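Step one of this worksheet: look at the structure below.
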Amino acid sequence: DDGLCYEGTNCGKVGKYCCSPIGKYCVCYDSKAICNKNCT
């Protein structure tokens, strides 16, 4: 919840999505929801 989630290639998320306001997180998953949720 403490961050954002978008699609593209900023964390090697080719095929899924990622979450990173700057990089300290850079957490990607297949469930775009897990990206916003589990990422932080």
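So for chain A, numbering is Swiss-Prot's, and the shown residues are 34-73, in order.
Determined by solution NMR, according to the entry header.
Each residue, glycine too, has its Cβ placed from N, Cα and C.
For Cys51, the disulfide partner named by Swiss-Prot from the candidate list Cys59, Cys61 is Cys61. Recorded disulfide link (Swiss-Prot): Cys68 to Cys38, out of the candidates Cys38, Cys44.
Candidates considered were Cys52, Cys59; Swiss-Prot assigns the disulfide partner of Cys72 as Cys52. Taking only the Cα positions, the spacing between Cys38 (disulfide bond) and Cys52 (disulfide bond) is 4 angstrom.
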